[PDB]
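Take a look at the structure below.
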Protein chains: 2
Amino acid sequence: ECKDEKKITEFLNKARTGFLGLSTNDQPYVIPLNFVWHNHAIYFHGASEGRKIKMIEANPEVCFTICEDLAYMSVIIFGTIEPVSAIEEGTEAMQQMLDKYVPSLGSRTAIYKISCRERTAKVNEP
Amino acid sequence: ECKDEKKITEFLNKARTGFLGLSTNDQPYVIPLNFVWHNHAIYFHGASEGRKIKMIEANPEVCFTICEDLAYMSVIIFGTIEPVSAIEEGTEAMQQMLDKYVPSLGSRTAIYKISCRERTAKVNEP
Ligand SMILES: Cc1cc2nc3c(=O)[nH]c(=O)nc-3n(C[C@H](O)[C@H](O)[C@H](O)COP(=O)(O)OP(=O)(O)OC[C@H]3O[C@@H](n4cnc5c(N)ncnc54)[C@H](O)[C@@H]3O)c2cc1C
Ligand SMILES: Cc1cc2nc3c(=O)[nH]c(=O)nc-3n(C[C@H](O)[C@H](O)[C@H](O)COP(=O)(O)OP(=O)(O)OC[C@H]3O[C@@H](n4cnc5c(N)ncnc54)[C@H](O)[C@@H]3O)c2cc1C
Ligand code: NA
Ligand code: NA
């Protein structure tokens with residue numbers, strides 16, 4: 001039931017893959033995504049078309065769950081998602097990603113931002 | 001947009017962690033779980049108390065997403081979840097898990113079963 005803000009941040013900076021949970025009606029949908037943790041927020045680059053985007057336009061309340069090694073730590077982030085229009089925020093977040101992953105989603109894409117309303121972390125046995 | 005039933009099965013047998021997506025109202029909740037793929041279904045052992053179980057009793061329509069290495073493969077499973085009362089199905093599934101993970105959730109637990117109504121797989125670049 002962890003609460004060490006530096007450990008979590010380190011984890012959120014290193015973790016490669018996160019799982020975005022959406023729902024319209026009572027029908028959940030969970031997809032893996034590359035992401036960066038920046039500001040007090042999760043950003044990812046994504047095609048601005050698809051099931052994920054229909055659901056978001058319908059219901060921007062989302063969940064983002066990350067879980068990995070360095071016993072297992074898992075973080076869950078609740079908040080609301082929205083596409084980024086701020087050019088510089090958008091550009092920072094993109095550079096932050098290349099730096100993270102590299103130190104076609106093709107036609108029409110955008111940067112998306114989940115504002116961290118609530119966050120919970122846990123360390124787990126097996 | 002893969003469709004090789006043997007490759008997927010091999011993947012579902014080996015993958016360590018899955019992500020269970022639930023919703024009540026328009027509020028998603030995603031948690032990581034140990035699991036086995038058996039029958040045409042996902043089973044896991046879990047405490048029969050907690051947020052996960054309140055939501056399930058309210059809305060048994062769920063999503064289960066698995067994503068890992070052996071380029072990246074990701075599988076999404078849609079279906080309905082329910083606790084297992086069948087003693088032998090329950091016992092097979094439990095043995096299947098020990099064999100998978102080992103070849104406190106404490107008080108009150110159960111085996112849960114997501115019946116695979118629909119399944120989709122994908123292989124991904126980065
Ligand atoms: C490790 C990894 C990293 C990824 N990183 C990113 C990224 O940063 N940005 C990004 O946009 N995408 C990323 N993806 C793919 C991401 O899941 C896509 O956005 C998603 O696959 C397509 O989204 P959609 O809802 O618009 O798809 P749609 O094409 O509209 O999906 C419709 C149907 O296709 C199936 N489906 C969709 N996605 C998947 C999936 N991933 N696996 C199995 N079935 C699926 C579902 O059954 C769904 O109902 C990554 C995937 C992996 C595995
Ligand atoms: C890799 C790994 C494997 C796991 N395998 C299993 C397993 O097979 N069976 C099992 O029951 N559990 C497993 N867990 C833990 C699983 O997530 C628990 O069921 C869950 O953590 C508690 O479920 P709940 O909704 O009843 O929790 P509750 O205690 O009722 O949760 C209430 C609040 O706690 C927070 N929270 C709950 N779970 C997590 C979490 N995992 N990470 C961060 N915050 C959380 C959320 O903010 C939530 O709103 C595993 C976890 C990890 C990381
Ligand atoms: Na993972
Ligand atoms: Na994973």
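Hydrogens, waters and symmetry mates are skipped; everything else that's a heavy atom, side chains included, is used. By convention in this document, chain letters (A, B, ...) are assigned in the order of the sequence lines, proteins followed by strands, and residues within each chain are numbered from 1. We count ligands from 1, going down the list as the structure has it; atoms in each ligand are counted the same way.
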Look only at interatomic distance and state if A:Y72 has a nitrogen or oxygen under 3.5 Å from any nitrogen or oxygen of ligand 2. no
Min over A:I66, B:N34, B:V30 of heavy-atom distance to atom 6 (C) of ligand 2 lands on B:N34
Option nearest atom 13 (C) of ligand 2 (shortest heavy-atom distance, choices A:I77, B:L33, B:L22, A:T120): B:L33
Mind checking whether B:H45 contacts ligand 2 via backbone (N, CA, C, O), side chain (CB onward), both or neither, at a 4.0 Å heavy-atom cut-off? backbone
Report the part of B:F44 (side chain from C-beta onward, or backbone N, CA, C, O) that has a heavy atom under 4.0 Å from ligand 2; answer both or neither where that applies. neither
Based purely on interatomic distance, does A:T17 place a nitrogen or oxygen under 3.5 Å from a nitrogen or oxygen of ligand 1? no
Proximal ligand 2 atoms for A:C67, defined as those under 4.0 Å from one of its heavy atoms: 1 (C), 53 (C)
Working to the nearest 0.5 Å, report the span between SG of A:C67 and OH of A:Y72. 7.5 Å
With heavy atoms only and a cut-off of under 4.0 Å, state how B:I31 meets ligand 2: side chain, backbone, both or neither. side chain
May I ask you to check if B:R119 and B:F78 form a cation-pi contact, with NZ or CZ under 6.0 angstrom from the six-membered ring centre and within 45° of the axis? no
Are any of the N/O atoms on A:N124, whether in the backbone or the side chain, positioned under 3.5 angstrom from an N/O atom of ligand 2? no
What are the two closest non-hydrogen atoms of B:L12 and B:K100, and how far apart are they? O-NZ, 4.0 Å
Considering the heavy atoms of A:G50, write down every atom of ligand 1 situated less than 4.0 Å from one of them. 26 (O), 30 (O)
So, A:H45 versus A:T109: side-chain donor-acceptor pair below 3.5 Å or not? yes
Give the C-alpha distance, both sets of side-chain angles, the deciding distance and a yes or no for side-chain contact (heavy atoms from CB on, under 4.5 Å) between B:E89 and B:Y43. CA-CA 10 Å; B:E89 192 180 348; B:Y43 296 86; 2.7 Å; yes
Near A:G46, which atoms of ligand 1 are under 4.0 Å from a heavy atom of that residue? 11 (O)
Check each of B:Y101, B:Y29, A:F78, B:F19 against atom 36 (N) of ligand 2 and report the one with the nearest heavy atom. B:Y29
With B:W37 as reference, evaluate B:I66, B:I114, B:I77 under the side-chain contact (heavy atoms from CB on, under 4.5 Å) test and give the passing residue. B:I77
Do A:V75 and A:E68 have side chains that get closer than 4.5 Å, going by heavy atoms? no
Of all heavy-atom pairs linking A:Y101 and A:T17, the shortest is OH-N, 4.4 Å
Would B:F35 and B:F64 count as a ring-ring contact (aromatic ring centres under 6.0 Å, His included) if you check the C-alpha gap in whole Å, the side-chain angles of each, and the deciding distance to 0.1 Å? CA-CA 10 Å; B:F35 73 95; B:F64 196 79; 5.3 Å; yes
Nitrogen or oxygen of B:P32 less than 3.5 angstrom from that of ligand 2: yes
